[PDB]
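Starting off, we have a lone chain in the form deposited in one PDB entry, written out as structure tokens.
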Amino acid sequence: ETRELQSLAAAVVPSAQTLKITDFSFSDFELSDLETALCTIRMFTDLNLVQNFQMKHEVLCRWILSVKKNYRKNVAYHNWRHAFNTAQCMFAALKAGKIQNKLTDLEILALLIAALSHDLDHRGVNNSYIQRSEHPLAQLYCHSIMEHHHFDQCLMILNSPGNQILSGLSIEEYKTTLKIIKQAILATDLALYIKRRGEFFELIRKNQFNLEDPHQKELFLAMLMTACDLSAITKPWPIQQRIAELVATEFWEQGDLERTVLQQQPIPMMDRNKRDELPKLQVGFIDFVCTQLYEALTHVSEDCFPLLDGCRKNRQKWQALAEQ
């Protein structure tokens, strides 16, 4: 622990190119926990966030390890690896996808922090499950229960001694940054994505999209977050297939809880008896949620196409299995 920290602060950080983190095709699967922390340091560095905000090396390392530790290893999918991947998709969206110079430094700082923080202390279970099972977290919060908890955890970490990576900021810049972080985290609630999609899609469709407008900037950021959150849907096939079983593992565990705690029939997505239905379900997922989103991000930035390409290729593959 104090040893993992001394390991990390002493290590050489390889370049962005050596670590492959500018590729939309990036895979974490064969990296050690230590190597993922190294990648993260690089991400903060090449977005000019260490330089622009006076982050001490030792402090960023301690924060990165604090985050990593507050994810739950026993949770099939919503653990550190997902948080890390989400951040890597953000980093590629900013660098390879060229979103970077459409945003301010404060926004980028917020997004990257948010990407790594957005699922902190997840329990492998829904908002619905949390609500209906009367879990304590649903007395503190009445909408986006999990997402509000994730932000609270994030805030709690940014403010614990030795971990204050935002300390270089003025009271004004700090308040601004937290506000963006909160909105970014809240935006990773699929319900709120569905709720605001249509406005974003009409803006694109009528060629009225414009980042100069404060309201549209906010919207775009929310969309970006969803794009990164769902990004495993865009990876090469060996990766996507592997990641899908993890997500399914996580759902099936929830279905168990729903059968015993709530006494209801879990929905196919969530029933292990219909393990057979996974392909068809993934196709449905892609069609209803993902493709339209990556189609739009590609209108915002030509260079984000590889995300939509990846998504369409995974659709073909799942559809092939859906007919056996």
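Only residues modelled in both forms are compared. The term rigid core refers to the most C-alpha atoms you can superpose between the two forms while keeping them within 1.5 Å. Sequential numbering from 1, following the sequence displayed.
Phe84, present in the displayed chain, carries coordinates in each of the other PDB entries compared that cover both sides of it, far from a third leaving it out. In the comparison with other entries of the same protein, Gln139 is left without coordinates in at least one third of those covering both sides of it. As the entry records it, the average C-alpha temperature factor is higher for 48 to 56, out of 48 to 56 and 277 to 285. Higher mean CA temperature factor, per the PDB entry, when comparing 147 to 155 with 102 to 110: 102 to 110. The entry assigns its greatest Cα B factor, within the set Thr291, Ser66, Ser32, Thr260, to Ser32. Of the candidates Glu250, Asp229, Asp189, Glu173, the deposited coordinates give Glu173 the top C-alpha B factor. In the deposited entry, the Cα temperature factor of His215 places it in the highest third of its chain's modelled residues. For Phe200, the recorded CA temperature factor ranks within the middle third of the chain's modelled residues. Residue-level temperature factors show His135 in the highest third of its chain, judged at the C-alpha atom. When all modelled residues of the chain are sorted by CA temperature factor, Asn207 is found within the highest third. Placement of the Cα temperature factor of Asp28 within the chain: highest third of the modelled residues, per the deposited record.
Same protein, other form: the form deposited with a small molecule bound, not shown, and the subject of what follows.
Not one of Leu111, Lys217 and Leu221 places a heavy atom within 4.5 Å of the small molecule in the deposited bound form. Look at 22 to 30, 51 to 59, 64 to 72, 295 to 303: in the deposited bound form, residues with non-hydrogen atoms within 4.5 angstroms of the small molecule sit in 22 to 30.
Residue contact with the small molecule in the deposited bound form: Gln183 places no heavy atom within 4.5 Å of it. The shortest heavy atom separation between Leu137 and the small molecule in the deposited bound form exceeds 4.5 Å. Not displayed here, the small molecule is approached by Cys228 to within 4.5 Å at the level of heavy atoms in the deposited bound form.
Remark: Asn79 counts among the residues lining the small molecule in the deposited bound form, judged by a heavy atom distance of 4.5 Å or less. The contact residue chosen from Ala96, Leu106, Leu203, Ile239 relative to the small molecule in the deposited bound form is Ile239, the criterion being a non-hydrogen atom within 4.5 angstroms. Superposed on the rigid core, the two forms differ between the shown form and the other one by 2 Å or more at the C-alpha of one listed residue only; from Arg205, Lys98, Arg242, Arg132 that residue is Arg132.
When two forms of a protein are overlaid on their rigid core, residues whose CA moves 2 Å or more are considered shifted, and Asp121 is one of them between the shown form and the other one. Once the cores line up, the CA of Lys195 ends up less than 2 angstroms apart between the shown form and the other one. Once both forms are fitted on their core, a CA shift of 2 Å or more is seen for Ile145 between the shown form and the other one.
Note on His148 and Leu190: their C-alpha atoms are nearer in the deposited bound form, a change of at least 3 Å from this conformation. The gap between the Cα atoms of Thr177 and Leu140 is larger in the deposited bound form, by no less than 3 Å, than in this form.
Against the superposed rigid core, the consecutive-residue runs (3 or more long) showing CA movement of at least 2 Å between the shown form and the other one span 72 to 77, 121 to 150, 247 to 251.
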